[PDB]
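Novice: Just data05.csv, nothing more (CSV, C-alpha atoms):
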chain,number,residue,atom,x,y,z
P,1,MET,CA,-22.3,-7.0,-2.6
P,2,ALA,CA,-20.6,-3.6,-2.7
P,3,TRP,CA,-21.8,-3.1,0.9
P,4,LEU,CA,-20.2,-6.4,2.1
P,5,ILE,CA,-17.0,-5.3,0.4
P,6,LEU,CA,-17.3,-2.0,2.3
P,7,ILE,CA,-17.7,-3.9,5.6
P,8,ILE,CA,-14.7,-6.0,4.9
P,9,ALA,CA,-12.7,-2.9,3.9
P,10,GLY,CA,-13.5,-1.2,7.2
P,11,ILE,CA,-12.5,-4.4,9.1
P,12,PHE,CA,-9.1,-4.4,7.4
P,13,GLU,CA,-8.9,-0.7,8.0
P,14,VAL,CA,-8.9,-1.3,11.7
P,15,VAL,CA,-6.6,-4.4,11.4
P,16,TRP,CA,-3.9,-2.4,9.7
P,17,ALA,CA,-4.5,0.6,12.1
P,18,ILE,CA,-3.7,-1.6,15.1
P,19,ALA,CA,-0.8,-3.5,13.4
P,20,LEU,CA,0.8,-0.1,12.6
P,21,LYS,CA,1.1,0.8,16.3
P,22,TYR,CA,2.2,-2.8,17.1
P,23,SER,CA,5.0,-2.2,14.6
P,24,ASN,CA,7.7,0.2,15.8
P,25,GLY,CA,9.3,2.6,13.4
P,26,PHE,CA,7.8,0.3,10.7
P,27,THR,CA,10.6,-2.0,12.1
P,28,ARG,CA,8.9,-5.0,13.6
P,29,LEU,CA,8.5,-7.5,10.7
P,30,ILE,CA,5.3,-9.4,11.5
P,31,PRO,CA,3.3,-6.2,12.5
P,32,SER,CA,4.7,-4.2,9.6
P,33,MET,CA,3.8,-7.0,7.1
P,34,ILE,CA,0.2,-7.1,8.5
P,35,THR,CA,0.0,-3.3,8.1
P,36,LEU,CA,1.2,-3.4,4.5
P,37,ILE,CA,-1.2,-6.2,3.6
P,38,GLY,CA,-4.2,-4.9,5.5
P,39,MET,CA,-3.7,-1.5,3.8
P,40,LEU,CA,-3.4,-3.0,0.3
P,41,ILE,CA,-6.5,-5.1,0.8
P,42,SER,CA,-8.6,-2.4,2.5
P,43,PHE,CA,-8.0,0.4,-0.1
P,44,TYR,CA,-8.3,-2.1,-2.9
P,45,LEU,CA,-11.8,-3.2,-1.6
P,46,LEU,CA,-12.7,0.4,-1.2
P,47,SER,CA,-11.7,1.1,-4.8
P,48,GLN,CA,-14.0,-1.8,-5.8
P,49,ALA,CA,-16.9,-0.6,-3.6
P,50,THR,CA,-16.7,2.9,-4.9
P,51,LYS,CA,-17.3,1.6,-8.5
P,52,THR,CA,-21.0,1.1,-7.7
P,53,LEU,CA,-21.6,3.1,-4.5
P,54,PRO,CA,-21.5,6.9,-4.2
P,55,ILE,CA,-18.2,8.2,-2.9
P,56,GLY,CA,-19.7,10.1,0.0
P,57,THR,CA,-21.6,7.1,1.3
P,58,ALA,CA,-18.7,4.7,0.7
P,59,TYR,CA,-16.1,6.9,2.4
P,60,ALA,CA,-18.4,7.6,5.3
P,61,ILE,CA,-19.4,4.0,5.9
P,62,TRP,CA,-15.8,2.8,5.5
P,63,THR,CA,-14.5,5.4,8.0
P,64,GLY,CA,-17.4,4.5,10.3
P,65,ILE,CA,-16.7,0.8,10.3
P,66,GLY,CA,-13.0,1.6,10.9
P,67,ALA,CA,-13.8,3.8,13.9
P,68,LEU,CA,-16.5,1.5,15.4
P,69,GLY,CA,-14.2,-1.4,15.2
P,70,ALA,CA,-11.3,0.7,16.6
P,71,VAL,CA,-13.4,1.5,19.7
P,72,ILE,CA,-14.7,-2.1,20.0
P,73,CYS,CA,-11.1,-3.4,19.9
P,74,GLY,CA,-9.8,-0.7,22.1
P,75,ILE,CA,-12.3,-1.5,24.9
P,76,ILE,CA,-12.0,-5.2,24.6
P,77,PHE,CA,-8.3,-5.7,24.1
P,78,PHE,CA,-6.8,-2.4,25.6
P,79,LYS,CA,-8.8,-1.8,28.8
P,80,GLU,CA,-10.4,1.3,27.3
P,81,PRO,CA,-12.9,3.4,29.4
P,82,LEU,CA,-16.5,2.8,28.2
P,83,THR,CA,-18.6,5.9,28.6
P,84,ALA,CA,-22.3,6.2,28.1
P,85,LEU,CA,-21.3,9.1,25.8
P,86,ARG,CA,-19.3,6.5,23.8
P,87,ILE,CA,-22.3,4.2,23.7
P,88,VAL,CA,-24.6,6.9,22.3
P,89,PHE,CA,-21.9,7.8,19.7
P,90,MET,CA,-21.7,4.1,18.7
P,91,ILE,CA,-25.4,4.0,18.4
P,92,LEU,CA,-25.5,7.1,16.2
P,93,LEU,CA,-22.8,5.5,14.0
P,94,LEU,CA,-24.6,2.2,13.6
P,95,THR,CA,-27.9,4.1,13.0
P,96,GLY,CA,-26.3,6.1,10.2
P,97,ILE,CA,-24.7,3.1,8.6
P,98,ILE,CA,-27.9,1.0,8.7
P,99,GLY,CA,-30.2,3.8,7.5
P,100,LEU,CA,-27.8,4.6,4.6
P,101,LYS,CA,-27.8,1.0,3.5
P,102,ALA,CA,-31.6,1.0,3.9
P,103,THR,CA,-32.0,4.1,1.6
P,104,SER,CA,-30.3,2.4,-1.4
A,1,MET,CA,-0.5,27.0,12.1
A,2,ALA,CA,-0.6,23.3,12.9
A,3,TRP,CA,-4.4,23.7,12.7
A,4,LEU,CA,-4.1,24.9,9.1
A,5,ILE,CA,-2.1,21.9,8.0
A,6,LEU,CA,-4.7,19.7,9.7
A,7,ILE,CA,-7.4,21.5,7.6
A,8,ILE,CA,-5.2,20.9,4.5
A,9,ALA,CA,-4.8,17.2,5.3
A,10,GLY,CA,-8.6,17.0,5.7
A,11,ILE,CA,-8.9,18.6,2.3
A,12,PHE,CA,-6.4,16.1,0.6
A,13,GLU,CA,-8.5,13.4,2.2
A,14,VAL,CA,-11.5,14.6,0.1
A,15,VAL,CA,-9.0,15.0,-2.8
A,16,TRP,CA,-8.0,11.3,-2.9
A,17,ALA,CA,-11.6,10.2,-2.2
A,18,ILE,CA,-12.8,12.0,-5.4
A,19,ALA,CA,-9.8,10.8,-7.3
A,20,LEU,CA,-10.5,7.2,-6.2
A,21,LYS,CA,-14.0,7.7,-7.5
A,22,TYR,CA,-12.6,8.9,-10.8
A,23,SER,CA,-10.2,6.0,-11.1
A,24,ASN,CA,-13.0,3.5,-11.8
A,25,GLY,CA,-11.7,0.9,-9.5
A,26,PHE,CA,-8.0,1.9,-9.7
A,27,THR,CA,-7.8,1.4,-13.5
A,28,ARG,CA,-7.5,5.0,-14.9
A,29,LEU,CA,-4.0,6.2,-14.4
A,30,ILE,CA,-3.7,9.8,-13.1
A,31,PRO,CA,-6.8,9.6,-10.9
A,32,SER,CA,-5.2,6.5,-9.3
A,33,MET,CA,-2.0,8.6,-9.2
A,34,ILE,CA,-3.9,11.5,-7.6
A,35,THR,CA,-5.4,9.0,-5.2
A,36,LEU,CA,-2.1,7.6,-4.0
A,37,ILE,CA,-0.1,10.9,-3.7
A,38,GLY,CA,-3.0,12.7,-2.2
A,39,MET,CA,-3.2,9.9,0.3
A,40,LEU,CA,0.3,10.2,1.7
A,41,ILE,CA,0.1,14.0,1.7
A,42,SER,CA,-3.0,13.7,4.0
A,43,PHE,CA,-1.3,10.9,6.1
A,44,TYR,CA,1.9,13.0,6.3
A,45,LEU,CA,0.3,16.4,6.9
A,46,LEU,CA,-1.7,14.7,9.7
A,47,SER,CA,1.3,13.2,11.6
A,48,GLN,CA,2.8,16.7,11.7
A,49,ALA,CA,-0.3,18.5,13.0
A,50,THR,CA,-0.9,15.5,15.3
A,51,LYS,CA,2.6,16.3,16.8
A,52,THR,CA,1.4,19.7,18.2
A,53,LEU,CA,-2.3,18.9,18.7
A,54,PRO,CA,-4.3,16.4,20.7
A,55,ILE,CA,-4.8,13.3,18.7
A,56,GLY,CA,-8.5,13.2,19.5
A,57,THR,CA,-9.6,16.6,18.3
A,58,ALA,CA,-7.1,16.3,15.4
A,59,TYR,CA,-8.6,13.0,14.2
A,60,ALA,CA,-12.1,14.2,14.7
A,61,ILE,CA,-11.6,17.3,12.6
A,62,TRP,CA,-9.5,15.4,10.0
A,63,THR,CA,-12.2,12.8,9.3
A,64,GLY,CA,-14.9,15.4,9.6
A,65,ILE,CA,-13.5,17.4,6.8
A,66,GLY,CA,-12.8,14.3,4.8
A,67,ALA,CA,-16.2,12.7,5.1
A,68,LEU,CA,-18.3,15.9,4.8
A,69,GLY,CA,-16.3,17.1,1.8
A,70,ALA,CA,-16.7,13.6,0.3
A,71,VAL,CA,-20.5,13.7,0.6
A,72,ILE,CA,-20.7,17.3,-0.6
A,73,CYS,CA,-18.3,17.0,-3.6
A,74,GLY,CA,-20.1,13.7,-4.4
A,75,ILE,CA,-23.6,15.3,-4.6
A,76,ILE,CA,-21.9,18.0,-6.7
A,77,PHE,CA,-19.5,16.2,-9.1
A,78,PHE,CA,-21.2,12.9,-9.5
A,79,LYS,CA,-24.8,14.1,-8.9
A,80,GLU,CA,-25.2,11.7,-6.0
A,81,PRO,CA,-28.6,11.6,-4.3
A,82,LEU,CA,-29.6,14.5,-2.1
A,83,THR,CA,-32.5,13.0,-0.1
A,84,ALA,CA,-33.7,14.1,3.3
A,85,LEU,CA,-33.2,10.5,4.6
A,86,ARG,CA,-29.7,10.4,3.2
A,87,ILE,CA,-28.7,13.7,4.7
A,88,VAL,CA,-30.2,12.7,8.0
A,89,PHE,CA,-28.5,9.3,8.3
A,90,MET,CA,-25.2,10.9,7.0
A,91,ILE,CA,-25.5,13.5,9.8
A,92,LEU,CA,-26.0,10.6,12.3
A,93,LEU,CA,-23.0,8.7,10.9
A,94,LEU,CA,-20.7,11.7,10.8
A,95,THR,CA,-21.7,12.8,14.3
A,96,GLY,CA,-21.0,9.3,15.6
A,97,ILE,CA,-17.6,9.2,13.9
A,98,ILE,CA,-16.6,12.6,15.2
A,99,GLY,CA,-17.7,11.8,18.7
A,100,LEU,CA,-16.0,8.5,18.9
A,101,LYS,CA,-12.8,10.2,17.6
A,102,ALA,CA,-13.2,13.2,20.0
A,103,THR,CA,-13.3,10.7,22.9
A,104,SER,CA,-10.5,8.2,22.3
Q,1,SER,CA,17.2,-9.1,22.9
Q,2,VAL,CA,17.9,-9.3,19.2
Q,3,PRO,CA,20.0,-10.4,17.4
Q,4,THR,CA,21.6,-13.3,19.1
Q,5,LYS,CA,24.4,-15.8,18.6
Q,6,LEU,CA,26.5,-14.2,15.9
Q,7,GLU,CA,28.9,-16.8,14.5
Q,8,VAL,CA,30.7,-17.8,11.3
Q,9,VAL,CA,29.0,-20.8,9.8
Q,10,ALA,CA,31.6,-21.2,7.1
Q,11,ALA,CA,34.9,-19.5,6.2
Q,12,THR,CA,37.3,-19.1,3.3
Q,13,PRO,CA,40.5,-16.9,3.1
Q,14,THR,CA,38.3,-14.3,1.2
Q,15,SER,CA,34.7,-14.9,2.4
Q,16,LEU,CA,32.8,-15.6,5.6
Q,17,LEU,CA,29.3,-17.0,5.9
Q,18,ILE,CA,27.8,-15.7,9.1
Q,19,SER,CA,24.4,-16.2,10.8
Q,20,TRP,CA,22.5,-15.1,13.9
Q,21,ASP,CA,19.3,-15.9,15.8
Q,22,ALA,CA,16.5,-13.6,14.7
Q,23,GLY,CA,14.5,-14.4,17.8
Q,24,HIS,CA,10.8,-15.1,18.3
Q,25,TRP,CA,8.3,-14.1,15.6
Q,26,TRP,CA,7.3,-11.0,17.6
Q,27,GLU,CA,11.0,-10.0,17.8
Q,28,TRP,CA,11.7,-10.4,14.1
Q,29,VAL,CA,12.7,-7.0,12.6
Q,30,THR,CA,12.3,-5.8,9.1
Q,31,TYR,CA,16.0,-5.8,8.3
Q,32,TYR,CA,19.4,-6.1,9.8
Q,33,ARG,CA,22.5,-4.0,8.9
Q,34,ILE,CA,25.9,-5.7,8.8
Q,35,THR,CA,29.3,-3.9,9.1
Q,36,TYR,CA,32.6,-5.6,8.5
Q,37,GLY,CA,36.0,-4.0,8.8
Q,38,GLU,CA,39.7,-4.4,9.5
Q,39,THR,CA,39.9,-4.9,13.3
Q,40,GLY,CA,42.8,-2.4,13.3
Q,41,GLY,CA,42.1,1.3,13.0
Q,42,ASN,CA,40.9,2.2,9.5
Q,43,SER,CA,37.4,3.7,9.9
Q,44,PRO,CA,36.1,3.2,6.3
Q,45,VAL,CA,34.2,0.0,7.2
Q,46,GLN,CA,32.2,-1.8,4.6
Q,47,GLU,CA,28.4,-1.9,5.2
Q,48,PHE,CA,25.3,-3.6,3.8
Q,49,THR,CA,21.9,-4.7,4.8
Q,50,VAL,CA,19.8,-7.9,4.9
Q,51,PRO,CA,16.0,-8.4,4.9
Q,52,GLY,CA,14.5,-9.2,8.3
Q,53,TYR,CA,13.4,-12.7,7.2
Q,54,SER,CA,17.0,-13.7,6.4
Q,55,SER,CA,19.1,-14.9,9.3
Q,56,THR,CA,22.4,-15.5,7.4
Q,57,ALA,CA,24.7,-13.4,5.4
Q,58,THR,CA,27.8,-14.0,3.2
Q,59,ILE,CA,30.7,-11.6,3.1
Q,60,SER,CA,33.1,-11.7,0.1
Q,61,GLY,CA,36.2,-9.9,-0.8
Q,62,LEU,CA,38.3,-10.1,2.3
Q,63,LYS,CA,42.1,-9.9,2.3
Q,64,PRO,CA,43.4,-13.4,3.3
Q,65,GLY,CA,45.1,-13.6,6.7
Q,66,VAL,CA,43.6,-10.3,8.0
Q,67,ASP,CA,41.5,-10.2,11.2
Q,68,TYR,CA,38.1,-8.5,10.7
Q,69,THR,CA,35.4,-7.3,13.1
Q,70,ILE,CA,31.8,-8.1,12.1
Q,71,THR,CA,28.8,-6.3,13.5
Q,72,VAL,CA,25.0,-6.9,13.2
Q,73,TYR,CA,22.6,-4.2,14.1
Q,74,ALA,CA,18.8,-4.2,14.4
Q,75,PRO,CA,16.9,-1.3,12.7
Q,76,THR,CA,16.6,0.7,16.0
Q,77,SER,CA,18.4,0.7,19.3
Q,78,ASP,CA,15.0,-0.3,20.8
Q,79,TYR,CA,15.4,-4.0,20.3
Q,80,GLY,CA,18.8,-4.6,21.9
Q,81,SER,CA,22.5,-4.1,21.5
Q,82,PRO,CA,24.4,-4.6,18.3
Q,83,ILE,CA,26.5,-7.8,18.4
Q,84,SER,CA,29.9,-8.3,16.9
Q,85,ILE,CA,32.7,-10.8,16.6
Q,86,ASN,CA,36.3,-11.1,15.5
Q,87,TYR,CA,37.7,-13.5,12.9
Q,88,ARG,CA,41.0,-14.1,11.1
Q,89,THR,CA,40.4,-15.3,7.5
B,1,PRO,CA,-5.4,1.9,-26.9
B,2,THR,CA,-4.6,2.1,-30.7
B,3,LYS,CA,-1.6,2.0,-33.1
B,4,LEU,CA,0.0,-1.3,-32.2
B,5,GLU,CA,3.3,-1.1,-34.2
B,6,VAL,CA,6.3,-3.4,-34.1
B,7,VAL,CA,9.0,-0.8,-33.5
B,8,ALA,CA,12.0,-3.1,-33.8
B,9,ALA,CA,12.5,-6.9,-34.2
B,10,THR,CA,15.3,-9.5,-34.0
B,11,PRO,CA,14.8,-13.2,-34.9
B,12,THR,CA,14.0,-13.9,-31.2
B,13,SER,CA,12.3,-10.7,-29.9
B,14,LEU,CA,10.0,-7.9,-30.9
B,15,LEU,CA,9.7,-4.3,-29.7
B,16,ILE,CA,6.1,-3.2,-29.8
B,17,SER,CA,4.4,0.2,-29.2
B,18,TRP,CA,0.9,1.6,-29.0
B,19,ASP,CA,-0.9,4.9,-28.7
B,20,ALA,CA,-2.2,5.3,-25.1
B,21,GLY,CA,-4.3,8.4,-25.9
B,22,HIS,CA,-3.8,11.4,-23.6
B,23,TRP,CA,-4.4,12.2,-20.0
B,24,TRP,CA,-7.9,10.8,-19.4
B,25,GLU,CA,-7.7,7.8,-21.7
B,26,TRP,CA,-4.6,6.5,-19.8
B,27,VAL,CA,-4.8,3.3,-17.7
B,28,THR,CA,-2.8,2.0,-14.9
B,29,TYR,CA,-1.6,-1.2,-16.7
B,30,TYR,CA,-1.7,-2.8,-20.1
B,31,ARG,CA,-1.7,-6.6,-20.6
B,32,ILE,CA,0.2,-8.0,-23.6
B,33,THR,CA,-0.4,-11.5,-24.8
B,34,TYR,CA,1.4,-13.3,-27.6
B,35,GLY,CA,1.5,-16.7,-29.2
B,36,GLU,CA,1.9,-18.8,-32.4
B,37,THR,CA,-0.8,-17.6,-34.7
B,38,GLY,CA,-1.8,-21.2,-35.1
B,39,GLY,CA,-0.9,-24.3,-33.2
B,40,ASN,CA,-2.9,-24.0,-30.0
B,41,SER,CA,-0.4,-24.2,-27.1
B,42,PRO,CA,-1.6,-21.6,-24.7
B,43,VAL,CA,-0.6,-18.0,-25.2
B,44,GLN,CA,2.0,-16.2,-23.1
B,45,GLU,CA,1.0,-13.1,-21.3
B,46,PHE,CA,2.6,-10.4,-19.2
B,47,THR,CA,1.6,-7.0,-17.9
B,48,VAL,CA,3.3,-3.6,-18.2
B,49,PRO,CA,2.6,-0.4,-16.2
B,50,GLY,CA,0.2,2.0,-17.8
B,51,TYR,CA,2.6,4.9,-18.1
B,52,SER,CA,4.8,3.1,-20.6
B,53,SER,CA,3.5,2.8,-24.2
B,54,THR,CA,6.1,0.2,-25.3
B,55,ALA,CA,6.8,-3.4,-24.5
B,56,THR,CA,9.4,-6.0,-25.3
B,57,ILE,CA,8.4,-9.6,-26.2
B,58,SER,CA,11.4,-11.9,-25.9
B,59,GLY,CA,12.4,-15.6,-26.3
B,60,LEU,CA,10.6,-16.2,-29.6
B,61,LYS,CA,11.3,-18.9,-32.2
B,62,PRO,CA,12.7,-17.4,-35.4
B,63,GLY,CA,10.7,-17.6,-38.6
B,64,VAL,CA,7.4,-18.3,-36.8
B,65,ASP,CA,4.3,-16.1,-37.2
B,66,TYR,CA,3.1,-14.9,-33.8
B,67,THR,CA,0.1,-12.8,-32.9
B,68,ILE,CA,0.3,-10.1,-30.3
B,69,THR,CA,-2.6,-8.3,-28.5
B,70,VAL,CA,-2.7,-5.5,-26.0
B,71,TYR,CA,-5.6,-5.1,-23.5
B,72,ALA,CA,-6.7,-2.3,-21.3
B,73,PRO,CA,-7.7,-3.2,-17.7
B,74,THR,CA,-11.4,-3.4,-18.7
B,75,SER,CA,-13.4,-3.5,-21.9
B,76,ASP,CA,-15.0,-0.2,-21.0
B,77,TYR,CA,-12.2,1.7,-22.9
B,78,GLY,CA,-10.9,1.3,-26.4
B,79,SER,CA,-11.1,-2.4,-27.2
B,80,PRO,CA,-8.2,-4.9,-27.5
B,81,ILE,CA,-5.6,-4.2,-30.2
B,82,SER,CA,-4.1,-7.0,-32.1
B,83,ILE,CA,-1.5,-7.7,-34.9
B,84,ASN,CA,0.3,-10.6,-36.5
B,85,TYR,CA,4.0,-10.6,-37.2
B,86,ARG,CA,6.7,-13.1,-38.4
B,87,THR,CA,10.2,-13.1,-36.8
Represent the structure of the file as structure tokens.
Specialist:
Amino acid sequence: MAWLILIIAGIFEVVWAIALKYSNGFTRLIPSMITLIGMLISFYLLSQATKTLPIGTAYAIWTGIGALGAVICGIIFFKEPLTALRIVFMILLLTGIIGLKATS
Amino acid sequence: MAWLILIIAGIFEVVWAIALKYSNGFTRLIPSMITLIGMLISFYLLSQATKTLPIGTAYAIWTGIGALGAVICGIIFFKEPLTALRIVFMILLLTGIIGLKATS
Amino acid sequence: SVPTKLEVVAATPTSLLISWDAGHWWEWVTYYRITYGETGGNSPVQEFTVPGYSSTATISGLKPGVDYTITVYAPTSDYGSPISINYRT
Amino acid sequence: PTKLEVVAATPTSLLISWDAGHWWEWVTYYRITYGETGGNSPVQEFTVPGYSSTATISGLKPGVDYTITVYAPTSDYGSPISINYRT
């Protein structure tokens, strides 16, 4: 369960990360709202997951889901350049996450 | 000097990570309080160093300090597991994170 | 681009109920700032703000018979030009 | 928490206080419930931020015996404190 909460927290991490830039100086309502919500959810879920999971693993996997989703969305919705370097980095990230969950 | 405030933002990242661990799911006041203030220090200190510096290297070093210090202070403070598999997959996850942030 | 269509919905010798067109959902701002003052030349205007989800605003405490200028601003100059009207109470 | 006193009281309201502890025992919010000591109904409940050690129960019927309890966020702390009191 705590791992599923971590996954969802990273998802919301990237949602509020993108909604932040879609807000202006925190001045576009609908983006800003989404940022404020996505934050409050994300961190809350993090605070829940950290109750049962070690803080290093939890922080790392939360950050990693955030970054992996950030790059996935950047490529797909932002015309971002897809390097083979980026592919090997994504592979390293997923390998780390999966192995960490498998060494529980 | 903008490098140094980036280092300090990365340190406050670890600070609020450890405080969030201590807050037992955001229930113990003071850890929670340390978690919230230490957050927007880190988020603020970053945006300043991010002004001078390249966003990629800045984010890579920021989350690198954050995650590595989280793992280290976790195995220290909370006697979190120090396995060879855990350090290996943590290395993989952190290198993937740092690489994806050094690119984008 | 925002806001649009500033007009006095209702009016009384002392109060004016004004409204505007916040725009499309992607144009909605987090707040508007409203400024009302004697259309003459006394610079201490009166000012307040309104949450971005509100499209109307009431304005009390006006001297009867005077002509006031009323301005609505978005948070930043990004979104458009501030719009303003004149009205005698 | 501990030490649930009724600081002040009028016919229609009580002022209550409790000992939070110090520093590490503090919590982010306390939860105060209150209701007629007998008579079913439900109970009323509200929540106060964990930095304040006082609370104000209002809108009570005069002469009735209410019961008031204060809860920490979880049971992993210092157990729920409870008192009775007539207005």
Novice: From the list Q:59, Q:18, Q:66, Q:74, which residue is nearest chain P when using all atoms listed in the file?
Specialist: Q:74
Novice: Mind checking which residues fall within 9 Å of residue 69 of chain A, counting only C-alpha atoms, ignoring those fewer than 6 positions away in the same chain, and posting them as an MDAnalysis selection string?
Specialist: (chainID P and resid 56) or (chainID A and resid 10:11 13:15)
Novice: Take the residues just selected and output them with C-alpha atoms as a compact mmCIF listing (two decimals), in the coordinates of the input.
Specialist:
# COMPACT_ATOMS: atom_id res chain seq x y z
CA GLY P 56 -19.70 10.10 0.00
CA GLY A 10 -8.60 17.00 5.70
CA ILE A 11 -8.90 18.60 2.30
CA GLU A 13 -8.50 13.40 2.20
CA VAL A 14 -11.50 14.60 0.10
CA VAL A 15 -9.00 15.00 -2.80
Novice: To one decimal in Å, tell me the separation between atom CA of residue 22 of chain Q and atom CA of residue 38 of chain Q.
Specialist: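 Separating atom CA of residue 22 of chain Q from atom CA of residue 38 of chain Q is a distance of 25.5 Å.
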Novice: Find the residues around residue 57 of chain A up to 9 Å (all atoms listed in the file counted), leave out those fewer than 5 positions away in its own chain, and share them as a VMD selection string.
Specialist: chain A and resid 62 98 101 to 103
Novice: Restrict the selected residues to C-alpha atoms and save them as a PDB file, in the coordinates of the input.
Specialist:
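This is the output file again.pdb:
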ATOM      1  CA  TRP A  62      -9.500  15.400  10.000  1.00  0.00           C
ATOM      2  CA  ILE A  98     -16.600  12.600  15.200  1.00  0.00           C
ATOM      3  CA  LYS A 101     -12.800  10.200  17.600  1.00  0.00           C
ATOM      4  CA  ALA A 102     -13.200  13.200  20.000  1.00  0.00           C
ATOM      5  CA  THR A 103     -13.300  10.700  22.900  1.00  0.00           C
TER       6      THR A 103
END
Novice: If you measure from atom CA of residue 3 of chain A to atom CA of residue 54 of chain A, what distance in Å do you get, rounded to one decimal?
Specialist: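 Separation between atom CA of residue 3 of chain A and atom CA of residue 54 of chain A: 10.8 Å.
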Novice: As an exercise, work out the distance from atom CA of residue 87 of chain B to atom CA of residue 15 of chain B in Å and give it to one decimal place.
Specialist: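 If I compute the distance from atom CA of residue 87 of chain B to atom CA of residue 15 of chain B, I get 11.3 Å.
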Novice: For residue 71 of chain A, which residue among A:92, A:17, A:7, A:1 is the nearest when counting all atoms listed in the file?
Specialist: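 The answer is A:17, which sits nearest to residue 71 of chain A.
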Novice: Take segment 38-50 of chain B, model N, CA and C atoms, and hand the result over as a PDB file, in the frame of the given file.
Specialist:
ATOM      1  N   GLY B  38      -1.102 -19.983 -35.108  1.00  0.00           N
ATOM      2  CA  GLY B  38      -1.800 -21.200 -35.100  1.00  0.00           C
ATOM      3  C   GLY B  38      -0.963 -22.326 -34.513  1.00  0.00           C
ATOM      4  N   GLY B  39      -1.603 -23.235 -33.787  1.00  0.00           N
ATOM      5  CA  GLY B  39      -0.900 -24.300 -33.200  1.00  0.00           C
ATOM      6  C   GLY B  39      -1.295 -24.596 -31.764  1.00  0.00           C
ATOM      7  N   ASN B  40      -2.410 -23.983 -31.376  1.00  0.00           N
ATOM      8  CA  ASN B  40      -2.900 -24.000 -30.000  1.00  0.00           C
ATOM      9  C   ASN B  40      -1.887 -23.563 -29.012  1.00  0.00           C
ATOM     10  N   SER B  41      -1.255 -24.504 -28.296  1.00  0.00           N
ATOM     11  CA  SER B  41      -0.400 -24.200 -27.100  1.00  0.00           C
ATOM     12  C   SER B  41      -1.340 -23.421 -26.169  1.00  0.00           C
ATOM     13  N   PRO B  42      -0.813 -22.724 -25.177  1.00  0.00           N
ATOM     14  CA  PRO B  42      -1.600 -21.600 -24.700  1.00  0.00           C
ATOM     15  C   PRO B  42      -1.062 -20.325 -25.369  1.00  0.00           C
ATOM     16  N   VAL B  43      -1.306 -19.160 -24.794  1.00  0.00           N
ATOM     17  CA  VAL B  43      -0.600 -18.000 -25.200  1.00  0.00           C
ATOM     18  C   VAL B  43       0.208 -17.503 -23.972  1.00  0.00           C
ATOM     19  N   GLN B  44       1.335 -16.857 -24.230  1.00  0.00           N
ATOM     20  CA  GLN B  44       2.000 -16.200 -23.100  1.00  0.00           C
ATOM     21  C   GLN B  44       1.401 -14.843 -22.893  1.00  0.00           C
ATOM     22  N   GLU B  45       1.474 -14.386 -21.648  1.00  0.00           N
ATOM     23  CA  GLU B  45       1.000 -13.100 -21.300  1.00  0.00           C
ATOM     24  C   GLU B  45       1.758 -12.462 -20.195  1.00  0.00           C
ATOM     25  N   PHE B  46       2.007 -11.161 -20.293  1.00  0.00           N
ATOM     26  CA  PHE B  46       2.600 -10.400 -19.200  1.00  0.00           C
ATOM     27  C   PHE B  46       1.875  -9.062 -19.128  1.00  0.00           C
ATOM     28  N   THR B  47       2.262  -8.243 -18.156  1.00  0.00           N
ATOM     29  CA  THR B  47       1.600  -7.000 -17.900  1.00  0.00           C
ATOM     30  C   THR B  47       2.612  -5.877 -17.693  1.00  0.00           C
ATOM     31  N   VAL B  48       2.344  -4.705 -18.262  1.00  0.00           N
ATOM     32  CA  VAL B  48       3.300  -3.600 -18.200  1.00  0.00           C
ATOM     33  C   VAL B  48       2.535  -2.396 -17.501  1.00  0.00           C
ATOM     34  N   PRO B  49       3.250  -1.536 -16.777  1.00  0.00           N
ATOM     35  CA  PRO B  49       2.600  -0.400 -16.200  1.00  0.00           C
ATOM     36  C   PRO B  49       2.043   0.572 -17.211  1.00  0.00           C
ATOM     37  N   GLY B  50       0.934   1.218 -16.858  1.00  0.00           N
ATOM     38  CA  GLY B  50       0.200   2.000 -17.800  1.00  0.00           C
ATOM     39  C   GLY B  50       0.836   3.327 -18.210  1.00  0.00           C
TER      40      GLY B  50
END
